[PDB]
Each structure stands twice: as structure tokens, then as C-alpha cells.
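Architecture and fold: a report
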Amino acid sequence: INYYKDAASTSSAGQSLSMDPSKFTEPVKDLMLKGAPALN
Amino acid sequence: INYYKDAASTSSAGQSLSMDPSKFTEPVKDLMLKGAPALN
Amino acid sequence: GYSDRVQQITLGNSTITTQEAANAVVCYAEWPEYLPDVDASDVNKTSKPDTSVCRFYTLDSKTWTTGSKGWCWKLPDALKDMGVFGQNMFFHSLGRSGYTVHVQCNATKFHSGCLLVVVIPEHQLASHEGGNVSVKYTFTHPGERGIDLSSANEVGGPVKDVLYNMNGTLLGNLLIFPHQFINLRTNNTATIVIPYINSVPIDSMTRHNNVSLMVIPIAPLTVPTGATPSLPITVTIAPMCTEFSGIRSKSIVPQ
Amino acid sequence: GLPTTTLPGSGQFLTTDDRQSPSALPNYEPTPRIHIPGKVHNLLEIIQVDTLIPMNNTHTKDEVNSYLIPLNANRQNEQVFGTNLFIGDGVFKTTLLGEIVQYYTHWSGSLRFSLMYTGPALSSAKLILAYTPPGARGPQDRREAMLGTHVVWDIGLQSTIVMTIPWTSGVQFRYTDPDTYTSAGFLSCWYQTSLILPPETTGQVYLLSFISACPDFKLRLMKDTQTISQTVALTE
Amino acid sequence: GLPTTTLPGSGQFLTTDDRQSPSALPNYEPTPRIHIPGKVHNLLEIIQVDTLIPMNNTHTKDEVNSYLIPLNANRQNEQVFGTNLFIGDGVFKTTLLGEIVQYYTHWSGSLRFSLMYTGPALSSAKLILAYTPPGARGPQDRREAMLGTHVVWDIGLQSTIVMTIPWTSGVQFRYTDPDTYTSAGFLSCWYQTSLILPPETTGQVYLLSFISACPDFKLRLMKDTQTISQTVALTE
Amino acid sequence: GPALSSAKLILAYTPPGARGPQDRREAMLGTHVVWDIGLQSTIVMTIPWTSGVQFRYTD
Amino acid sequence: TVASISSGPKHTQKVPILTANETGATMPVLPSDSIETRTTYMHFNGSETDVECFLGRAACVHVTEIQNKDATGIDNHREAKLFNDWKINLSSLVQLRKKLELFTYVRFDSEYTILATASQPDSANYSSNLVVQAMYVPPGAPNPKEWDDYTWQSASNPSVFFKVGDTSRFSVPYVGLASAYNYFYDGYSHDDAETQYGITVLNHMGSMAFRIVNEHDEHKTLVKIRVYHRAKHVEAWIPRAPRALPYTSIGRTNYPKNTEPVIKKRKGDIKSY
């Protein structure tokens, strides 16, 4: 129950439960498959 | 939920969301169209 | 017979071929794109010179020697004088751009050495004076020359200490930024595609640089016996999806 | 008895909170409303009405004359007036727009700047108004001025010209109190050809100038105005 | 009036509680969000990116050189480097992994340790990396080392080798601050055959080493880092 | 050159109207190809037809 | 969810553990690519590492102090700590600062808690009960000059009145001018040759002025204000390397000269355990 009118006044947000490290761990242009050779 | 009986005791009103500047910006008797000459 | 290894990038009226690549990085897995209306604020129609600004400019070459500490360029600064890209830059109030960065360094199968090529969004430098000394404008706008981390402290300039990234963080952790290594034994180029990254939809190109490109020797250069002890490093950079807006009189900037 | 726990902030008085209160006058019946023309709902409604700018600020005590921008016959190439666009300060500051902007911290939007000509009907003139977006200096000559937002105004039967300063900005809000990073440009005006008076006529002619906000406009984060203060409470 | 009772804890301020509060700025409209590449949602997303380990810690002032593990040509049977696995201390401590682990009290999971070789292309080498699970001493010779988790690495075209320290543990969580009961083992590396340089070449070659966490990893019970402190408030 | 050597050259085409470039900076602003010497021995640069008039004289 | 699958002996032409780090990727290698594993489940979600959780607890961001005393003959209230302002910041006390600067741009609503306690260091008959007034003064508002100016009327400026010993709590929406806040900014406010670098006006979260509403009693009373800040509704972009050296200034990246080696030197060899 929100007792207040504005959105800033609500409690903390709830877990992204998004999670996708590939923008950080695999930003390569041509896709690399694990097990296939790195450099062909 | 109002806890009180009288109307003065309720919280602030809620946004007019009315908004019509023409009583102030265009109080002319004969309607002016933008693009048409001001004085004919 | 496609290898990760050979590549061709054609952009505008200029083409680059590498026969010894190590894939390419696209920052944060996003490719440069123009500014959508839903994200727009300034009401001005923007100018998109296209092929006259989105081509490859090769900056002047550096020389890696056994004593090198590393070099640093800022964008869009490094290009402030390249062809029509630069003119547009000084003439509009606002502009926006992504880039393809291609760093080149070839040697032979007897050399060793490994450079880190990294792009740091919003690289705010530190004053070597400490306290709250600022880093004057000119010092953070070296132009095509870039900053040479093995040059001496100057007054009003930034600190040039490599184990600290010019800001109080350790060299070792720069790997959290989009980056690629050039290991003479593997690699001969590094290519990074940079999407436009800012907290505003379009900004000024002269009062704010939005990425520093940094090339840092990490495993020292080691040449074969009686080889000349140095290799040149060349940086070629191409603006991509550039847009300029708010045209007028032509900025005058310090120094 | 239902168990409760009180949180941090209990008992505080926040002048901006909005809650219910007991009425001191239980059951009282207010006077009926009758109809009155003129109801205002938003301050955004009123900042679109234009008001005069004391552009000619060069006097030494407030006078009707600082509303008049003078024009000289037969000058060529020269500059009529110049001002920066810090709407919360300087010429703008006493105008209704300036005066309301000062109740808020941030503004964004387009401005409408118009000039009404008052010279004899048998005279003629062509002026150029130029808006210079942030990043360059106030223009120093028309050549410089004409390369940015501009309108050649031809003085005619239609007495006023409405120039718009379109919102040109990286950051989507600017500060109303003058700030650099957040600065908006300059506005200048020059003779395009020149004012020409008919025979039997002489002297200076004046332009009146107005400012109002486009429907584009946004103002946010209310605060207190530097435009009013006091040293002791007033009495009757 | 509804009857209530207040419980123990009323009026306390717990920095970790999450409740509603009145907004000081009623009705204010925040700037629109635009798109920015790079959004982070979990610290677990970032500790999977590998960063360099200053393994060569033997210097006396921080230098680029403590990231370089040297290799000697023609040595046989010998040991390249050794370290315990207290990820919250020692070599690991300044790495991004080490640096984040320090914001939490407990960790569990597999680690990924990789070595990238930088020697001339015409050289060759075979190294063995060994993980020694808790309970035995740091191995003293390869024979001892090779009886635990190990990978023979053959230096080739493929420049890096990724060793995983699989989670070997009785207790399902370990402390990030070094603790005995909770200790994780040792990591050592030895020549399997030996580094061989081509003609016309000489000296030391170096390995770079990285550390990142497997998708396996768990961190819990947040706390304050020993990695930052201060004696007076900073000012502008 | 020997197979164990390496090199990177830039070839530049300068369309009519400017002088023969005097340094690479000047050269690199017109049609150009960075050539990386590798296994693939030849590089093919095209001088695309850049012209106002649709024919030129051979003399 | 499985944390590890079961995997047995391997003798392949498909080697997942050989990679080329020069590419910039961190290949997702697992225990089961290089040893024989058994199935195990995660039993865990990664809840407490969510950025909302990481930045979502109250941190002390500021300690100031004001006193209640006779202002008679004080020529400079501000200077007597008769009242005091604070331009809001999150980079003056380093604990929260290092946490935020793990990111480049950050967007969130703030919840402030203000604790005020009183001290009576010299002989008093009693402890008085003082009410503090905290006014939020956005840039462009008149600033208080005396401890009882017209400014304190605060007719348009949000202000909270609470008692010393108590706590005040309210929450302010994200007041940034841009889409997020840049705790880093490699720019200037304009192309000036001497303008300040790095510190910008799009990290301004307002400013706050404190005073005691009470007139003076016979003794003097020291009131010390502690402001706590909790981020709620957090959004963070572009991770960066953590801060290694100590901080010297609000808003610049500068570190102190002749600082000490931040990497612990081995007591022994590279070979040491």
C-alpha cells in the first residue's frame, strides 16, 4: 500500500533479476564459441 | 480514505489539468488565424 | 576460409585491411546509431554529413621503445582538426558521434611485447599536485598529439603515472573497460567500435570529451638481437553516425 | 489494541507534506461560489502572455524609457541592441516571465521574442534579429550574427515580428539563476538595410520588445524568489 | 480513534530498513531517461569480467612489473610462481574480484584463473598449473603438485589457458577475510618441459595472469571494505 | 619481401583539385587503403572515377 | 538451477580451455570443462548483490554543527555557527563515495534521515529542548544571512522542523538536470582557459541550511547534525575500476603525492605461498 502520492516516496525497488554479463564479458563483434578455436 | 467528516479537512486537491491560456493570450473579439494577415 | 584474423572495414572513401586481427570489440555490445526522436530534446533538425565526416583519419605515429610508458588520446579532441569533421565540430553548438578505432603495430615472430588498447568512458584525469588543483583545459585537449605518459609533469597538467590510470585506480583493472590486447606473437591490430555514451542526448564537442583511448605497453617490447630497439604504433580513427546541431558562428577555444 | 512501531520522522513537520486534519469549524457552510471571469489554473497559462522587456536598461533610475529601444535613420551595417539570455536576470528579470521563472529552479523550452515598430507610417526599415546558441561569443558584427538563428524583419503594415529562440541544448534543463554550463546564448539585432524617415520627419524612432514562453516550456522544482525580502513583519 | 500499542524498537533508525517517506518536492517531474549503453544490474555481472593479478608482488613500490610473471629459457622441473587462495587478501586483493569480494562477508563458487603467454611466436613451452585443495601444504615440487587439480598447458597459437579452481569444500561458504577453517588451498605453476627461445632471441619472457569468477559464484552478507578510509571530511 | 618480415603501407588517391600530397596526413584525407602485408601477397586499390566532365583526354 | 552438471572423462579435438585473451572477451569456462564433476544445485539467487541493494542502505554523508546562543552582538551568524548550510554531495565522506564510483552514471531517488543530538560542554542547569529547522535551498533562492532572516519563512522552499534527539526523514525525487548523475565528467563548463575541470553542475542535488528555532537560554547548547542518505530506485551504467588511492577533494579524481604502494609486497618470493 503506498500512503503517499509521489513515486519517489515508495520503498526500495525489488530485484532486477535481470543479469546479463555478456555486454561486459563478451563484447566481441564476431561470436566466439567455447571449444572452437579462438583464432581461425 | 477520509478520516474526517468535513471537506476542509481533506488533503490538497489534485491537478487541474485544465490549462487554457486563450482567455489571457487571445481575448480578441474577431478570431485571428496564425499565418493570415493580422490586419486586413 | 574466413578467419577472425583477416578483416576489411570500409567507411566512406577509406578502407583498412588487417591480415592479423583478434576479432573486434563493440563497446557494451552496442553499435553506433543516430539519435532517436524519443530521446531528443533540442528542437533543431541535425546535420549528417555522412561520408565526408565518417571516414578514417590516421593520427601521427608514436614510437614504442623499451622505455615507453603509454599514450592517451581524448575523443572528439584527437580529431578536432581532421578535414570536415573538425570544421563541423567548431561550427555547431552541439554534435554527437560513435567511432571505429583501429590501433596498428606489426613486428616479426622474434619480437615480444604486448600493448593494452582500452576505451574509458568519461576519463576525468587527476592533477599531480593533489588536493583540489584542477587540470587546465589545454592539458586535457592535446589534439592529435595525445598525452605521453612518459613526458614530465607540467603545471596545470594531469598526473602521468601509469599504475594509476591517471585517476587513482589500478592499471590491472582497466580490463573492466572495452579493450583488446596487441600481443606481437598473436595480433598486429586492435579494433574497437564505440557507440555514443553520455547522460545527455547530444552535448558540446569542445567542452567535454567523452572517451579517452589509451594504448599502454604492459609486457615490454623485446626485439631480436641487434634489431633496432623500437616499433612505431599508428592510431587510425573514424567518426561514425556523426550528427551536428545548432549551427552558428564558430567556437573560439583556449590556446 | 493493535501493535504498532513508529519510524524515523515521526513528529516532524515538513512544510510540503499533504495530509488530513480535523476541521476547527465542524459543520460550517462556506459561501456559494458565483462565476468570476479569469480563472487561472497553471502558472504555465500566464507565462504565455507577452509583456514588455526594459531592454534599454542604460538609465540610472527606473523610467518609461528603458522600455524603448531607439533606432537611428540612415545607419547601415550597425548594431541595434544585444543581451545574453539569462531569463532569470538582467533585462528579463522584472518581466512576468522572468518573475515567474524565479519561483522555479530549472526551465526548458522555447521563448518567443517579438519587436513592435512605432515609427511614422511613411518610414521603412529592414532589421535582422539573431539568436546565437551557446558555445560562441555574443556576435560582434552582422556577419558573425547572421550565421546563427536569425529573421530578416521587413517593417510594414504588419507592425510586429515574432522571433522564437528555439530550445538549443545538450542538457534538457537549464538553471533559472545564471549558470555557465547551463547558459543559453545571446540575442542581437542589426540594421539589414537601414531605417529611412519620410520628409518633414525627424529624430529617433523606437521599437517596443516583448517576451513570453512557447507552449513548449517547462519549469520545475519550486523555490523562493530573490525578488522580495523584508526586515520586520509589516503591521496594519 | 483506533486503539494501538507501540512495540520495542519504536523510534529507532536502522540504516537497512526500507519504508515509505513523504516527498519533499511534491509533484516534481524528473528528467526523462534516455538510453545509455552499459547498464549494470548485479555485482555478479561484473565479477565475471577478468582483470590482471599483480602476481609478481615482490617489488617495493607499485609498478607495471608486478603484473609480469617472468619465465626463464631452458630451466627444467622448476617452479614458476605460487600463491595461496585468500581471494580477499594478498595478490587478489586489488583485482576487481578481490575488490568486490571485500564488500561481502562470505563467498562460495568456482574461480577462473587464466595465463596469457607473451613470448616470441617462434618459442615454445609446456607449463603445468596445479590447484591444491585445502588440507595439504603448498606443493614443494611438481611431483607433489601434479597429484591435485592441474592442467598441462601447451603454448601455441592459442595464447591463453583458462584454469578453473573448482569449488572444493566441506562447508558451503568461506569467509572473504582470510580464515583458517575456511581456507581454500594453493595455486602453483611449474615447467612441464621448459621454455625454449628461437635463435637471435634472448632473455626473459612474461606471462600475464587474470582472475574472474565462474557463473557458480555466490557472495553474501554485505559489509564495509577495509580498502578505503579517511581522517577528515573532504571539501571542494 | 621475405616471408618473416611485416609492413603496413597506405595507398592514397587524391582527386583532381588539390596538389600531390606532401605528407601522409595530407594523403590520408582522400581515397586510401591501409594495406597490411600478409599471407595474401597483393593489394588491389581502385581509383574510382571521380569527375565532373564524363570523359577525360588520354593525352 | 544447476551449479555444476555431471561430466566425465574427455579426449577431444574440442578444447574449451584454450582461448585468446587478446580479443577482449572472458570466455565462460566452468569446472566441468576441465575436471570430472557431479551435479550440484545453486540454492542461491544473487539477491543481495543487486545494485538496488548495494546502494540502498543509509550511509552517513555529512556531519555539521550549529549552536544556540545569544546572538546579541554577533556580526556574522554564519560564522558563529548560529546557523549553517551544506551543498549536498555524496563524495565528502569516502565510504559511500567509493561504492558509487564503481559506476559512471547513476540515477536514483534519495531518502534523507537527519539525526540531531545536543551537547552541553560547559555547566548548564539543564538540557533545553530545541527544535531544528532544515531548509532545502535550491540554487537561486535567497540564502539565509542571519539565523532569523525572512529567508526562514520558506514560503516556497521545502523545510522540515524536528526536535534535537529525534530524527527527520523525507525523500527527494531524482533532481538531476540530465538523465543520470555523472560522478565523473571529463569536461569543463565552457571552453575557458582557466575554468575548473571535473566538478560540474549536473551532480548538484541542491543544498540545505540548518538552524535552531529556539531563542537562547542562559547556557550554550551545541547541536551536531548528521545527514544519512539512502538511494532508492537505483539505475547504474558503465562499471569502472574501483578506487585504489585515497581521495583528496570533493569532485576531483586527484590522489595525494608520495602516497604508499597500494599492492602488498610479498614476504618472500614470487614462489612463496
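Determination of this PDB entry was carried out by X-ray crystallography to a resolution of 3.0 Å, according to the record.

The PDB entry annotates chain F as HUMAN RHINOVIRUS 14 COAT PROTEIN (SUBUNIT VP3) originating from Human rhinovirus 14.

Looking up chain A in the PDB entry gives the name HUMAN RHINOVIRUS 14 COAT PROTEIN (SUBUNIT VP4), with the organism given as Human rhinovirus 14.

Moving on: the arrangement of the chains. Contact analysis covers 13 pairs of chains in contact, and the most contacts occur between chains E and G. In this structure chain B stays clear of chain C, and the shortest span between their C-alpha atoms is 21 Å. One thing to see here is that chain B and chain G don't touch, and their nearest C-alpha atoms sit 16 Å from each other.

Taken together, the side chains of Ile1, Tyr3 and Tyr4 of chain B make up a nonpolar region of the molecular surface, amounting to roughly 430 Å² of accessible area. The topology assignment puts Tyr3 of chain B in the segment before α1 (22–25).

Turning our eyes to something else, we now look at the environment of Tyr273 of chain G. Residue position: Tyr273 of chain G is located in the segment after β12 (221–239). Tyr273 of chain G sits in the partly exposed class, given a relative accessible area of 33%. Spatially, the C-alpha atom of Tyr273 of chain G lies 55 Å from that of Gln120 of chain G, the residues being 153 residues apart in sequence. With sequence-adjacent residues up to four places away left out, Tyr273 of chain G is seen in contact with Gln79, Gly82, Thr83, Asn84, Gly138, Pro139, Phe186, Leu187, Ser188 and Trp190 of chain E. A distance of 2.6 Å separates the side chain of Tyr273 of chain G from the backbone oxygen of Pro139 of chain E, its partner in a polar contact.

Here we come to the interface of chain G and chain E. Facing the 81 residues of chain G at the interface are 99 residues of chain E. Taken over both partners, the interface formed by chain G and chain E buries close to 7,900 Å², and the fraction arising from carbon and sulfur atoms is 59%. Applying the counting criterion to the chain G and chain E interface returns six salt bridges. In this structure, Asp18 of chain E engages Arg230 of chain G in a salt bridge whose closest nitrogen and oxygen atoms are separated by 2.6 Å.

The next subject is the nonpolar core. Nonpolar side chains tend toward joint burial in soluble globular proteins. Residues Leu171 of chain C together with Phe81, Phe113 and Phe217 of chain E are the most contacted members of the largest nonpolar core, which totals 195 residues. Counting 42 residues, the second-largest nonpolar core is a separate cluster that includes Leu129, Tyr131, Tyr191 and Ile211 of chain D.

Before going further, it helps to spend a moment on the packing of aromatic side chains. Each aromatic ring pair is summarised here by two numbers: the centre-to-centre distance and the angle between the ring planes. Counted according to the given criterion, the structure contains 21 aromatic pairs over all chains. Taken together through their ring pairs, the aromatic side chains of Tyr137 of chain C together with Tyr188 and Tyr197 of chain G make up a single cluster. Positioned over the ring face of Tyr181 of chain D is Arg207 of chain C, at 4.1 Å from the centre of the ring. One cation-aromatic arrangement involves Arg220 of chain D over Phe173 of chain D; the distance from NZ or CZ to the ring centre is 3.5 Å.

Locating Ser12 of chain A in the fold gives a position in the segment before α1 (22–25). Among the polar contacts listed, one links the side chain of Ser12 of chain A to the side chain of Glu52 of chain G, at a separation of 3.0 Å.

Another point: unusual backbone geometry. Excluding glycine, residues mostly carry a negative phi; peptide bonds, for their part, are mostly trans. Here the residue pair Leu75 of chain C and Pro76 of chain C is connected by a cis peptide bond, since its omega of 5 degrees sits within 30 degrees of zero. With respect to the helices, strands and loops of the structure, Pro76 of chain C is situated in the loop between β6 (71–75) and α1 (83–91). Unlike most non-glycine residues, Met19 of chain B shows phi in positive territory, near 60 degrees. Relative to the helices and strands, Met19 of chain B resides in the segment before α1.

Moving on to the interface of chain E and chain A. Across the contact, 20 residues belong to chain E and 21 residues belong to chain A. For the pair chain E and chain A, the summed buried area comes to about 1,700 Å², and 59% of that belongs to carbon and sulfur atoms. On the chain E side of the interface with chain A, the three residues burying the most area are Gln20, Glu45 and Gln158 of chain E, jointly 36% of the side's total. At the boundary of chain E with chain A, the tally comes to eight residue pairs in polar contact. Counting residues per element, the ones that place at least two in the side of chain E that touches chain A are β2 (39–40) and α1 (43–46) of chain E.

Parameters and conventions
- Residues numbered from 1 in each chain as written, not as in the entry; some residues may be left out.
- Chains lettered and ligands numbered in written order.
- Part of a larger assembly, values for the part shown.
- Heavy atoms only, no water.
- Contact = heavy atoms within 4.5 Å.
- Patch = residues over 30% accessible without salt bridge, like charges linked within 9 Å, V, L, I, M, F, W, Y side chains within 5 Å.
- Areas by Shrake-Rupley, 256 points an atom, 1.4 Å probe, with all protein chains shown as cover.
- Salt bridge = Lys/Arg side-chain N within 4 Å of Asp/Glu carboxyl O.
- Helix = DSSP H or I, 4+ residues; strand = E, 2+ residues; numbered from the N terminus.
- Buried < 20%, exposed > 50% of the residue type's maximum accessible area, 1.4 Å probe, protein only.
- Polar contact = N/O pair within 3.5 Å; in protein donor to acceptor, adjacent residues only side chain to side chain.
- Buried area = accessible area lost by both parts, 1.4 Å probe.
- Core = buried A, V, L, I, M, F, W, Y, C linked by side-chain atoms within 4.5 Å.
- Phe/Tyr/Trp six-rings, centres within 6.5 Å; stacked < 30°, edge-to-face > 60°.
- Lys NZ or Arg CZ within 6 Å of the ring centre and 35° of its normal.

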